[PDB]
>>> print(open('start.tsv').read())   # TSV, C-alpha atoms
chain	number	residue	atom	x	y	z
Z	1	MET	CA	-14.83	-29.67	-122.52
Z	2	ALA	CA	-15.01	-31.47	-125.86
Z	3	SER	CA	-11.88	-31.50	-127.99
Z	4	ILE	CA	-10.56	-31.22	-131.52
Z	5	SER	CA	-9.11	-34.71	-131.18
Z	6	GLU	CA	-12.43	-36.24	-132.23
Z	7	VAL	CA	-13.10	-34.40	-135.50
Z	8	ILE	CA	-9.55	-33.45	-136.51
Z	9	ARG	CA	-7.32	-36.15	-135.05
Z	10	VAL	CA	-3.68	-35.05	-135.24
Z	11	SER	CA	-0.90	-37.29	-133.92
Z	12	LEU	CA	2.85	-37.80	-134.27
Z	13	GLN	CA	5.19	-40.62	-135.25
Z	14	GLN	CA	2.92	-43.17	-136.88
Z	15	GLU	CA	4.70	-45.76	-139.01
Z	16	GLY	CA	3.04	-46.23	-142.37
Z	17	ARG	CA	2.26	-49.91	-142.86
Z	18	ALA	CA	4.47	-51.64	-145.43
Z	19	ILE	CA	3.35	-54.24	-147.96
Z	20	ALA	CA	5.44	-56.57	-150.10
Z	21	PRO	CA	5.78	-54.83	-153.47
Z	22	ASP	CA	6.27	-56.04	-157.00
Z	23	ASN	CA	9.00	-53.42	-157.15
Z	24	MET	CA	12.53	-54.48	-158.04
Z	25	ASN	CA	14.04	-52.81	-155.01
Z	26	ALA	CA	12.48	-54.69	-152.11
Z	27	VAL	CA	15.81	-55.65	-150.62
Z	28	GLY	CA	16.53	-58.08	-147.82
Z	29	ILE	CA	18.84	-58.19	-144.83
Z	30	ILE	CA	19.06	-61.73	-143.50
Z	31	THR	CA	19.75	-62.02	-139.78
Z	32	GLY	CA	20.87	-64.80	-137.49
Z	33	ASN	CA	19.22	-63.95	-134.18
Z	34	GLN	CA	16.25	-66.09	-133.17
Z	35	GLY	CA	15.31	-63.48	-130.58
Z	36	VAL	CA	12.39	-62.04	-132.54
Z	37	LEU	CA	11.82	-64.06	-135.73
Z	38	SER	CA	10.96	-67.75	-135.99
Z	39	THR	CA	10.96	-70.26	-138.79
Z	40	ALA	CA	7.30	-69.43	-139.26
Z	41	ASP	CA	8.11	-65.75	-138.67
Z	42	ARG	CA	10.46	-66.09	-141.61
Z	43	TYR	CA	10.57	-62.37	-142.44
Z	44	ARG	CA	9.13	-58.95	-141.73
Z	45	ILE	CA	8.75	-55.85	-143.90
Z	46	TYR	CA	9.75	-52.36	-142.83
Z	47	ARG	CA	9.75	-48.81	-144.18
Z	48	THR	CA	11.26	-46.88	-141.27
Z	49	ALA	CA	14.33	-47.43	-139.13
Z	50	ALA	CA	12.28	-46.25	-136.16
Z	51	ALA	CA	9.85	-49.14	-136.48
Z	52	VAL	CA	12.76	-51.49	-137.15
Z	53	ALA	CA	14.32	-50.68	-133.80
Z	54	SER	CA	10.97	-50.56	-132.02
Z	55	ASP	CA	10.51	-54.15	-133.11
Z	56	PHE	CA	14.08	-55.38	-132.56
Z	57	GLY	CA	15.56	-52.84	-130.15
Z	58	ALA	CA	17.83	-49.92	-130.98
Z	59	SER	CA	20.68	-51.88	-129.41
Z	60	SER	CA	20.23	-54.80	-131.81
Z	61	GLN	CA	22.63	-55.56	-134.63
Z	62	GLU	CA	19.68	-55.60	-136.99
Z	63	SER	CA	18.83	-52.14	-135.75
Z	64	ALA	CA	22.29	-50.82	-136.61
Z	65	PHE	CA	22.17	-52.32	-140.08
Z	66	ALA	CA	18.77	-50.71	-140.47
Z	67	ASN	CA	20.20	-47.32	-139.58
Z	68	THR	CA	23.11	-47.68	-142.00
Z	69	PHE	CA	20.59	-48.73	-144.63
Z	70	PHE	CA	18.18	-45.87	-144.01
Z	71	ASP	CA	20.84	-43.16	-143.99
Z	72	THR	CA	21.78	-43.46	-147.67
Z	73	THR	CA	20.18	-40.29	-148.97
Z	74	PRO	CA	18.93	-42.03	-152.11
Z	75	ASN	CA	17.09	-44.69	-150.14
Z	76	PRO	CA	15.45	-47.72	-151.79
Z	77	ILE	CA	12.17	-46.63	-150.24
Z	78	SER	CA	12.47	-43.38	-152.17
Z	79	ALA	CA	11.90	-45.55	-155.25
Z	80	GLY	CA	8.81	-47.24	-153.83
Z	81	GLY	CA	10.69	-50.12	-152.23
Z	82	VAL	CA	10.75	-51.74	-148.82
Z	83	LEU	CA	13.29	-53.24	-146.49
Z	84	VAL	CA	12.78	-56.75	-145.21
Z	85	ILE	CA	14.46	-58.84	-142.55
Z	86	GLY	CA	14.58	-62.61	-142.84
Z	87	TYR	CA	15.77	-65.37	-140.56
Z	88	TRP	CA	17.86	-68.51	-140.94
Z	89	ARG	CA	18.30	-70.93	-138.07
Z	90	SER	CA	21.82	-70.03	-137.01
Z	91	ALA	CA	21.47	-71.79	-133.66
Z	92	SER	CA	19.32	-74.46	-132.04
Z	93	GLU	CA	15.83	-73.36	-133.01
Z	94	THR	CA	13.65	-74.00	-129.98
Z	95	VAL	CA	9.98	-73.67	-130.90
Z	96	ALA	CA	7.63	-73.77	-127.93
Z	97	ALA	CA	4.54	-75.79	-128.74
Z	98	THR	CA	1.49	-73.60	-129.20
Z	99	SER	CA	-2.23	-74.25	-129.07
Z	100	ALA	CA	-4.58	-75.13	-131.89
Z	101	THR	CA	-5.49	-71.98	-133.78
Z	102	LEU	CA	-8.62	-71.07	-135.74
Z	103	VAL	CA	-8.87	-68.08	-138.09
Z	104	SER	CA	-11.72	-66.54	-140.08
Z	105	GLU	CA	-11.04	-65.75	-143.69
Z	106	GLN	CA	-13.48	-62.84	-143.79
Z	107	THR	CA	-11.41	-59.76	-142.99
Z	108	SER	CA	-14.37	-57.52	-143.85
Z	109	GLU	CA	-15.55	-55.82	-140.68
Z	110	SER	CA	-18.38	-53.84	-142.27
Z	111	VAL	CA	-20.34	-56.73	-143.74
Z	112	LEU	CA	-20.28	-58.73	-140.52
Z	113	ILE	CA	-21.74	-56.20	-138.09
Z	114	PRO	CA	-25.32	-55.86	-139.45
Z	115	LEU	CA	-25.83	-59.62	-139.68
Z	116	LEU	CA	-24.77	-59.99	-136.07
Z	117	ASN	CA	-26.94	-57.03	-135.07
Z	118	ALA	CA	-30.10	-58.52	-136.56
Z	119	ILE	CA	-29.61	-61.91	-134.90
Z	120	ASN	CA	-30.80	-61.79	-131.29
Z	121	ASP	CA	-30.00	-65.31	-130.10
Z	122	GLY	CA	-27.18	-67.48	-131.40
Z	123	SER	CA	-25.88	-70.99	-131.72
Z	124	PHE	CA	-22.34	-72.19	-131.79
Z	125	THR	CA	-20.62	-75.62	-131.69
Z	126	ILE	CA	-16.87	-75.77	-131.14
Z	127	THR	CA	-14.81	-78.72	-129.92
Z	128	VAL	CA	-11.74	-78.08	-127.81
Z	129	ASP	CA	-11.57	-81.90	-128.03
Z	130	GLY	CA	-10.61	-81.72	-124.35
Z	131	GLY	CA	-13.77	-83.61	-123.50
Z	132	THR	CA	-17.41	-82.77	-124.07
Z	133	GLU	CA	-17.98	-81.01	-127.36
Z	134	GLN	CA	-19.19	-77.47	-126.78
Z	135	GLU	CA	-22.83	-76.45	-127.20
Z	136	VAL	CA	-22.93	-72.65	-127.16
Z	137	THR	CA	-26.21	-70.80	-127.69
Z	138	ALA	CA	-26.70	-67.67	-125.58
Z	139	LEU	CA	-25.16	-65.29	-128.09
Z	140	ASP	CA	-26.26	-61.68	-128.54
Z	141	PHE	CA	-24.57	-59.23	-130.88
Z	142	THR	CA	-27.07	-56.37	-130.80
Z	143	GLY	CA	-24.79	-54.09	-128.81
Z	144	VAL	CA	-21.78	-54.66	-131.04
Z	145	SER	CA	-20.30	-51.95	-133.22
Z	146	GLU	CA	-16.79	-53.38	-133.58
Z	147	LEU	CA	-15.18	-56.76	-134.15
Z	148	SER	CA	-13.50	-56.63	-130.74
Z	149	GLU	CA	-16.93	-56.82	-129.12
Z	150	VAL	CA	-18.05	-59.98	-130.89
Z	151	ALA	CA	-14.60	-61.33	-130.14
Z	152	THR	CA	-15.00	-60.72	-126.41
Z	153	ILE	CA	-18.50	-62.20	-126.47
Z	154	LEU	CA	-17.09	-65.33	-128.05
Z	155	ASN	CA	-14.35	-65.37	-125.40
Z	156	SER	CA	-16.97	-65.40	-122.69
Z	157	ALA	CA	-18.77	-68.04	-124.76
Z	158	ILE	CA	-15.98	-70.63	-125.21
Z	159	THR	CA	-14.41	-72.32	-122.22
Z	160	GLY	CA	-10.70	-73.04	-122.17
Z	161	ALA	CA	-10.11	-70.99	-125.31
Z	162	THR	CA	-9.40	-67.30	-125.72
Z	163	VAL	CA	-10.65	-65.57	-128.85
Z	164	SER	CA	-9.55	-62.24	-130.28
Z	165	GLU	CA	-9.49	-60.08	-133.40
Z	166	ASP	CA	-6.36	-59.28	-135.42
K	1	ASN	CA	-60.60	-14.77	-151.44
K	2	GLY	CA	-62.92	-15.29	-154.37
K	3	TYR	CA	-65.16	-17.58	-152.31
K	4	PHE	CA	-68.72	-16.67	-151.35
K	5	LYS	CA	-69.59	-17.98	-147.90
K	6	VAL	CA	-73.23	-18.38	-146.91
K	7	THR	CA	-73.84	-19.50	-143.33
K	8	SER	CA	-77.11	-19.67	-141.42
K	9	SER	CA	-77.32	-17.91	-138.08
K	10	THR	CA	-78.42	-21.11	-136.34
K	11	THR	CA	-75.63	-23.52	-135.40
K	12	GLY	CA	-76.04	-27.26	-135.09
K	13	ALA	CA	-78.30	-29.52	-137.16
K	14	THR	CA	-79.52	-26.76	-139.48
K	15	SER	CA	-79.21	-27.40	-143.20
K	16	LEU	CA	-78.69	-25.02	-146.10
K	17	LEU	CA	-79.41	-27.71	-148.67
K	18	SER	CA	-80.39	-25.52	-151.60
K	19	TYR	CA	-77.83	-24.60	-154.25
K	20	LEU	CA	-79.64	-21.27	-154.78
K	21	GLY	CA	-82.19	-22.89	-157.14
K	22	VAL	CA	-84.22	-20.67	-159.47
K	23	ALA	CA	-87.17	-18.40	-158.74
K	24	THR	CA	-89.88	-18.08	-161.36
K	25	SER	CA	-90.30	-14.45	-160.25
K	26	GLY	CA	-87.15	-12.93	-161.73
K	27	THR	CA	-83.89	-13.30	-163.58
K	28	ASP	CA	-81.66	-15.73	-161.71
K	29	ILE	CA	-78.24	-15.04	-160.26
K	30	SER	CA	-77.68	-18.68	-159.28
K	31	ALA	CA	-76.14	-19.89	-162.53
K	32	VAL	CA	-73.73	-16.98	-162.86
K	33	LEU	CA	-73.03	-17.17	-159.14
K	34	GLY	CA	-71.46	-20.59	-159.61
K	35	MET	CA	-73.25	-22.29	-156.69
K	36	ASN	CA	-75.78	-24.41	-158.58
K	37	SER	CA	-76.48	-28.08	-157.93
K	38	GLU	CA	-74.72	-28.93	-161.18
K	39	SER	CA	-72.01	-26.40	-160.37
K	40	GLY	CA	-69.24	-27.72	-158.18
K	41	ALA	CA	-69.80	-26.39	-154.68
K	42	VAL	CA	-68.86	-27.54	-151.20
K	43	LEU	CA	-71.86	-27.52	-148.86
K	44	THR	CA	-70.89	-28.67	-145.37
K	45	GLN	CA	-74.28	-29.29	-143.81
K	46	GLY	CA	-74.51	-28.15	-140.21
K	47	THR	CA	-73.29	-30.81	-137.80
K	48	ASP	CA	-75.63	-32.14	-135.14
K	49	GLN	CA	-73.77	-30.95	-132.04
K	50	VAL	CA	-70.28	-30.35	-130.67
K	51	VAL	CA	-68.01	-33.30	-131.36
K	52	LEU	CA	-65.20	-34.68	-129.19
K	53	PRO	CA	-62.58	-36.51	-131.26
K	54	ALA	CA	-60.66	-38.83	-129.00
K	55	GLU	CA	-57.01	-38.02	-128.43
K	56	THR	CA	-55.08	-39.38	-131.37
K	57	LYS	CA	-51.51	-40.65	-131.20
K	58	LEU	CA	-48.40	-38.99	-132.57
K	59	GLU	CA	-48.87	-41.65	-135.23
K	60	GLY	CA	-51.78	-39.41	-136.24
K	61	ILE	CA	-49.03	-37.55	-138.10
K	62	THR	CA	-50.34	-39.70	-140.94
K	63	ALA	CA	-53.00	-37.02	-141.36
K	64	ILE	CA	-50.49	-34.20	-141.75
K	65	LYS	CA	-48.65	-35.70	-144.71
K	66	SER	CA	-52.11	-36.68	-145.93
K	67	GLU	CA	-52.81	-33.00	-146.57
K	68	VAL	CA	-49.62	-30.95	-146.89
K	69	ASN	CA	-46.87	-33.10	-148.42
K	70	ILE	CA	-44.26	-31.87	-145.96
K	71	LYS	CA	-40.87	-33.56	-145.99
K	72	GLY	CA	-39.29	-32.70	-142.64
K	73	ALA	CA	-41.37	-33.21	-139.53
K	74	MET	CA	-41.04	-32.54	-135.82
K	75	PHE	CA	-42.96	-32.88	-132.60
K	76	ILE	CA	-43.19	-30.31	-129.83
K	77	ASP	CA	-43.29	-33.07	-127.24
K	78	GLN	CA	-40.72	-35.80	-126.88
K	79	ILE	CA	-41.75	-38.95	-128.71
K	80	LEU	CA	-42.35	-41.70	-126.18
K	81	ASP	CA	-40.16	-44.73	-126.71
K	82	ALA	CA	-42.92	-47.21	-127.53
K	83	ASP	CA	-43.97	-44.95	-130.41
K	84	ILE	CA	-40.42	-44.59	-131.74
K	85	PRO	CA	-40.39	-47.71	-133.96
K	86	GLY	CA	-43.85	-46.85	-135.24
K	87	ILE	CA	-42.94	-43.31	-136.25
K	88	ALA	CA	-39.65	-44.56	-137.66
K	89	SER	CA	-41.46	-47.03	-139.91
K	90	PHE	CA	-43.84	-44.25	-140.88
K	91	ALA	CA	-40.89	-42.07	-141.85
K	92	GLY	CA	-39.44	-44.88	-143.94
K	93	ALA	CA	-42.72	-45.55	-145.73
K	94	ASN	CA	-44.08	-42.04	-146.29
K	95	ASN	CA	-40.76	-40.85	-147.68
K	96	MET	CA	-39.81	-37.99	-145.39
K	97	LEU	CA	-37.46	-37.16	-142.54
K	98	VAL	CA	-38.27	-36.93	-138.85
K	99	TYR	CA	-35.77	-35.19	-136.58
K	100	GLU	CA	-35.88	-36.11	-132.90
K	101	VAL	CA	-33.72	-35.35	-129.89
K	102	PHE	CA	-32.84	-37.41	-126.84
K	103	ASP	CA	-31.14	-36.75	-123.54
K	104	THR	CA	-27.99	-38.53	-122.41
K	105	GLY	CA	-30.02	-41.43	-121.02
K	106	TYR	CA	-30.37	-42.94	-124.49
K	107	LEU	CA	-26.58	-43.07	-124.97
K	108	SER	CA	-25.99	-46.77	-125.37
K	109	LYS	CA	-25.57	-49.65	-127.79
K	110	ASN	CA	-28.42	-51.45	-126.03
K	111	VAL	CA	-31.49	-52.75	-127.83
K	112	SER	CA	-33.65	-51.35	-125.05
K	113	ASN	CA	-32.31	-47.98	-126.12
K	114	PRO	CA	-34.71	-46.93	-128.91
K	115	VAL	CA	-32.14	-45.03	-130.97
K	116	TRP	CA	-29.83	-48.02	-131.25
K	117	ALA	CA	-32.92	-49.98	-132.23
K	118	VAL	CA	-33.44	-47.49	-135.04
K	119	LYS	CA	-29.84	-47.96	-136.14
K	120	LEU	CA	-29.99	-51.75	-136.18
K	121	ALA	CA	-33.31	-51.58	-137.99
K	122	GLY	CA	-32.03	-49.34	-140.77
K	123	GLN	CA	-34.79	-46.80	-140.13
K	124	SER	CA	-32.43	-44.22	-141.58
K	125	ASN	CA	-35.09	-41.58	-142.10
K	126	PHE	CA	-35.65	-41.19	-138.34
K	127	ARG	CA	-32.83	-38.85	-137.48
K	128	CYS	CA	-31.77	-38.97	-133.84
K	129	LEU	CA	-30.21	-35.99	-132.07
K	130	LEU	CA	-28.66	-35.36	-128.66
K	131	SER	CA	-29.22	-32.62	-126.10
K	132	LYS	CA	-28.21	-33.01	-122.47
K	133	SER	CA	-30.75	-30.33	-121.66
K	134	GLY	CA	-33.20	-32.13	-123.92
K	135	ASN	CA	-33.45	-28.90	-125.89
K	136	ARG	CA	-36.26	-29.63	-128.32
K	137	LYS	CA	-35.48	-26.34	-130.03
K	138	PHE	CA	-32.28	-28.04	-131.17
K	139	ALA	CA	-34.41	-30.01	-133.61
K	140	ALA	CA	-35.66	-26.78	-135.20
K	141	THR	CA	-32.30	-25.25	-135.99
K	142	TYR	CA	-31.34	-28.72	-137.18
K	143	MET	CA	-34.30	-29.11	-139.50
K	144	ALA	CA	-33.78	-25.51	-140.54
K	145	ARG	CA	-30.14	-26.18	-141.45
K	146	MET	CA	-30.32	-29.45	-143.37
K	147	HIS	CA	-33.06	-28.54	-145.79
K	148	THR	CA	-31.49	-25.38	-147.24
K	149	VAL	CA	-30.60	-26.70	-150.67
K	150	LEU	CA	-31.98	-25.96	-154.10
K	151	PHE	CA	-31.18	-29.08	-156.16
K	152	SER	CA	-30.73	-27.03	-159.30
K	153	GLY	CA	-27.51	-25.08	-158.77
K	154	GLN	CA	-24.02	-26.16	-159.59
K	155	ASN	CA	-22.82	-27.51	-156.24
K	156	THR	CA	-25.32	-27.42	-153.41
K	157	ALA	CA	-25.34	-30.81	-151.66
K	158	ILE	CA	-24.27	-29.88	-148.14
K	159	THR	CA	-23.36	-32.11	-145.26
K	160	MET	CA	-24.04	-30.91	-141.75
K	161	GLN	CA	-20.68	-31.56	-140.14
K	162	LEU	CA	-19.87	-28.28	-138.41
K	163	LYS	CA	-22.70	-26.04	-139.52
K	164	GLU	CA	-23.83	-22.91	-137.71
K	165	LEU	CA	-27.01	-23.50	-135.72
K	166	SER	CA	-29.31	-21.31	-133.67
>>> encode(input="start.tsv", output="structure tokens")
Amino acid sequence: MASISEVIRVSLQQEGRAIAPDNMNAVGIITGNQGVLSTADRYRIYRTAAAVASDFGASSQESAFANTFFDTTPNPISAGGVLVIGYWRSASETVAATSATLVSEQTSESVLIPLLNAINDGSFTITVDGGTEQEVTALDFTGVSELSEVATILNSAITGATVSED
Amino acid sequence: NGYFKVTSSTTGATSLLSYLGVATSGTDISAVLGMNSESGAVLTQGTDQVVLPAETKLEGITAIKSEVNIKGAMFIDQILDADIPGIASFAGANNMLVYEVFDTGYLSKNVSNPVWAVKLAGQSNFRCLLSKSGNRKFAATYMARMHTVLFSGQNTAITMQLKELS
């Protein structure tokens, strides 16, 4: 009862990821609704009205401007450009305080896995600074094939702090 | 096949030492026969009695490559797990492939699972195969499908994704 969907994976409606280009025509629509974008979340880059709405909501003003933008048959994207949406603090910007955040620079998934696989034990010293500094040792990565797995192992390894992979 | 075999009727601890020598009573055939003492000739002296070599291990495959220079090997039996790393290392060192199958029990990312051990060890010459039935014959049609390549034609390097097997 095996399927095609493992050797020839065919799907529908996947939004191609958009990257900030050097191109002249990477235009911007600046909005004034703090509903989805923060001061830190100063902008966001789009290539399809569908994704625009699926992030903002098809009922949003920004959505409607996105439609009117995307309907011009010569579309800026047709010339290798992107749409962006910015944000300027129209109203009282409330910013809920977040937790301390730690990020790895090394985006490379491939290089990390073998090193973790070889190492049987582990050792690990974080400080939530909420009291006793952590002393974390019992780390095994032998059964890991993906970054999510080492992430979850770390989660179970650090108290009071959730870890994840993005 | 061009070889002249001379074997005494008696078996066990009976020696045909002589390399046909020379008789003073006639014109020799020994020299022209090519079985003189100077002439190269294999003379396996009769063994003492029946011999009972102890049961070797599948590691005794060392002997086979010692005499044939094969490149793709099998085993009728299933290779027991404790021998798996040994035969894998042998494959890596003696520069050949070894195809092996496993039932669904070995389907894990666990170290205790020998195949995942092979993966984490980089023993890439020890190819691991799956058969819910444990169909050892599946190795054969596998070995018989990979190795069909001439290495002198224009384009002959084949993968094995989706190849007809028997």
>>> residues_around(input="start.tsv", residues="residue Z:55", least_positions_apart="2", cutoff="12 Å", atoms="all atoms listed in the file", output="PyMOL selection string")
chain Z and resi 15+35-37+44-46+48-53+57-60+62-63+66+85
>>> residues_around(input="start.tsv", residues="residue Z:104", least_positions_apart="3", cutoff="12 Å", atoms="all atoms listed in the file", output="list in words")
residues 101, 107, 108, 109, 112, 147, 151, 163, 164, 165 and 166 of chain Z
>>> write_last_selection(input="start.tsv", atoms="C-alpha atoms", output="compact mmCIF listing (two decimals), in the coordinates of the input")
# COMPACT_ATOMS: atom_id res chain seq x y z
CA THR Z 101 -5.49 -71.98 -133.78
CA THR Z 107 -11.41 -59.76 -142.99
CA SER Z 108 -14.37 -57.52 -143.85
CA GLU Z 109 -15.55 -55.82 -140.68
CA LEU Z 112 -20.28 -58.73 -140.52
CA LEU Z 147 -15.18 -56.76 -134.15
CA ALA Z 151 -14.60 -61.33 -130.14
CA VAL Z 163 -10.65 -65.57 -128.85
CA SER Z 164 -9.55 -62.24 -130.28
CA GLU Z 165 -9.49 -60.08 -133.40
CA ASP Z 166 -6.36 -59.28 -135.42
>>> closest_atom_pairs(input="start.tsv", of="chain K", to="chain Z", cutoff="8 Å", atoms="all atoms listed in the file", output="tab-separated table")
residue	atom	partner	partner_atom	distance
K:109	CA	Z:143	CA	4.6
K:110	CA	Z:143	CA	5.3
K:111	CA	Z:142	CA	6.4
K:120	CA	Z:117	CA	6.2
K:121	CA	Z:118	CA	7.8
>>> closest_residue(input="start.tsv", among="K:36, K:66, K:166, K:125", to="residue K:17", atoms="only C-alpha atoms")
K:36
>>> residues_around(input="start.tsv", residues="residue Z:135", least_positions_apart="6", cutoff="8 Å", atoms="all atoms listed in the file", output="ChimeraX atom specification")
/Z:123-126
>>> residues_around(input="start.tsv", residues="residue K:5", least_positions_apart="3", cutoff="12 Å", atoms="only C-alpha atoms", output="number ranges by chain")
K: 1-2, 8, 16, 33, 35, 41-44
>>> atom_distance(input="start.tsv", atom1="atom CA of residue K:71", atom2="atom CA of residue K:89")
14.8 Å
>>> atom_distance(input="start.tsv", atom1="atom CA of residue Z:122", atom2="atom CA of residue Z:150")
11.8 Å
>>> residues_around(input="start.tsv", residues="residue Z:30", least_positions_apart="6", cutoff="10 Å", atoms="all atoms listed in the file", output="PyMOL selection string")
chain Z and resi 42-43+62+84-88
>>> closest_residue(input="start.tsv", among="K:97, K:107, K:118, K:149", to="residue K:132", atoms="all atoms listed in the file")
K:107
>>> atom_distance(input="start.tsv", atom1="atom CA of residue K:101", atom2="atom CA of residue K:136")
6.5 Å
>>> residues_near_point(input="start.tsv", point="(-37.0, -31.7, -126.5)", cutoff="10 Å", atoms="all atoms listed in the file", output="mmCIF file with C-alpha atoms, keeping the file's coordinate frame")
data_model
loop_
_atom_site.group_PDB
_atom_site.id
_atom_site.type_symbol
_atom_site.label_atom_id
_atom_site.label_comp_id
_atom_site.auth_asym_id
_atom_site.auth_seq_id
_atom_site.Cartn_x
_atom_site.Cartn_y
_atom_site.Cartn_z
ATOM 1 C CA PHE K 75 -42.960 -32.880 -132.600
ATOM 2 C CA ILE K 76 -43.190 -30.310 -129.830
ATOM 3 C CA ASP K 77 -43.290 -33.070 -127.240
ATOM 4 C CA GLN K 78 -40.720 -35.800 -126.880
ATOM 5 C CA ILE K 79 -41.750 -38.950 -128.710
ATOM 6 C CA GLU K 100 -35.880 -36.110 -132.900
ATOM 7 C CA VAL K 101 -33.720 -35.350 -129.890
ATOM 8 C CA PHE K 102 -32.840 -37.410 -126.840
ATOM 9 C CA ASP K 103 -31.140 -36.750 -123.540
ATOM 10 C CA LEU K 129 -30.210 -35.990 -132.070
ATOM 11 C CA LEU K 130 -28.660 -35.360 -128.660
ATOM 12 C CA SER K 131 -29.220 -32.620 -126.100
ATOM 13 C CA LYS K 132 -28.210 -33.010 -122.470
ATOM 14 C CA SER K 133 -30.750 -30.330 -121.660
ATOM 15 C CA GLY K 134 -33.200 -32.130 -123.920
ATOM 16 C CA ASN K 135 -33.450 -28.900 -125.890
ATOM 17 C CA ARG K 136 -36.260 -29.630 -128.320
ATOM 18 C CA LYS K 137 -35.480 -26.340 -130.030
ATOM 19 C CA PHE K 138 -32.280 -28.040 -131.170
ATOM 20 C CA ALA K 139 -34.410 -30.010 -133.610
#
>>> closest_residue(input="start.tsv", among="Z:22, Z:149, Z:80, Z:119", to="residue Z:137", atoms="all atoms listed in the file")
Z:119
>>> closest_residue(input="start.tsv", among="Z:148, Z:110, Z:156, Z:162", to="residue Z:128", atoms="only C-alpha atoms")
Z:162
>>> build_atoms(input="start.tsv", residues="stretch 105-119 of chain Z", atoms="N, CA and C atoms", output="short mmCIF file (atom, residue, chain, number, x, y, z; two decimals), in the frame of the given file")
data_model
loop_
_atom_site.label_atom_id
_atom_site.label_comp_id
_atom_site.auth_asym_id
_atom_site.auth_seq_id
_atom_site.Cartn_x
_atom_site.Cartn_y
_atom_site.Cartn_z
N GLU Z 105 -11.57 -66.35 -142.48
CA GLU Z 105 -11.04 -65.75 -143.69
C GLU Z 105 -11.55 -64.32 -143.86
N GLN Z 106 -12.78 -64.06 -143.42
CA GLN Z 106 -13.48 -62.84 -143.79
C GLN Z 106 -12.96 -61.62 -143.04
N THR Z 107 -11.97 -60.95 -143.62
CA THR Z 107 -11.41 -59.76 -142.99
C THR Z 107 -12.41 -58.62 -142.93
N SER Z 108 -13.46 -58.66 -143.74
CA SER Z 108 -14.37 -57.52 -143.85
C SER Z 108 -15.15 -57.29 -142.57
N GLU Z 109 -14.83 -56.19 -141.89
CA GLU Z 109 -15.55 -55.82 -140.68
C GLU Z 109 -16.96 -55.34 -140.99
N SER Z 110 -17.10 -54.51 -142.02
CA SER Z 110 -18.38 -53.84 -142.27
C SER Z 110 -19.50 -54.84 -142.51
N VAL Z 111 -19.27 -55.82 -143.37
CA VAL Z 111 -20.34 -56.73 -143.74
C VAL Z 111 -20.81 -57.55 -142.55
N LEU Z 112 -19.93 -57.81 -141.59
CA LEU Z 112 -20.28 -58.73 -140.52
C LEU Z 112 -21.23 -58.09 -139.52
N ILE Z 113 -21.03 -56.81 -139.21
CA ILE Z 113 -21.74 -56.20 -138.09
C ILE Z 113 -23.27 -56.25 -138.25
N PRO Z 114 -23.85 -55.83 -139.38
CA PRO Z 114 -25.32 -55.86 -139.45
C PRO Z 114 -25.91 -57.24 -139.26
N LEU Z 115 -25.29 -58.27 -139.82
CA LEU Z 115 -25.83 -59.62 -139.68
C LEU Z 115 -25.86 -60.03 -138.22
N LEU Z 116 -24.79 -59.72 -137.50
CA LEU Z 116 -24.77 -59.99 -136.07
C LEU Z 116 -25.80 -59.15 -135.33
N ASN Z 117 -26.00 -57.90 -135.76
CA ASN Z 117 -26.94 -57.03 -135.07
C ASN Z 117 -28.36 -57.56 -135.19
N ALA Z 118 -28.73 -58.03 -136.37
CA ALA Z 118 -30.10 -58.52 -136.56
C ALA Z 118 -30.37 -59.75 -135.71
N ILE Z 119 -29.39 -60.65 -135.60
CA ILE Z 119 -29.61 -61.91 -134.90
C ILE Z 119 -29.58 -61.66 -133.40
#
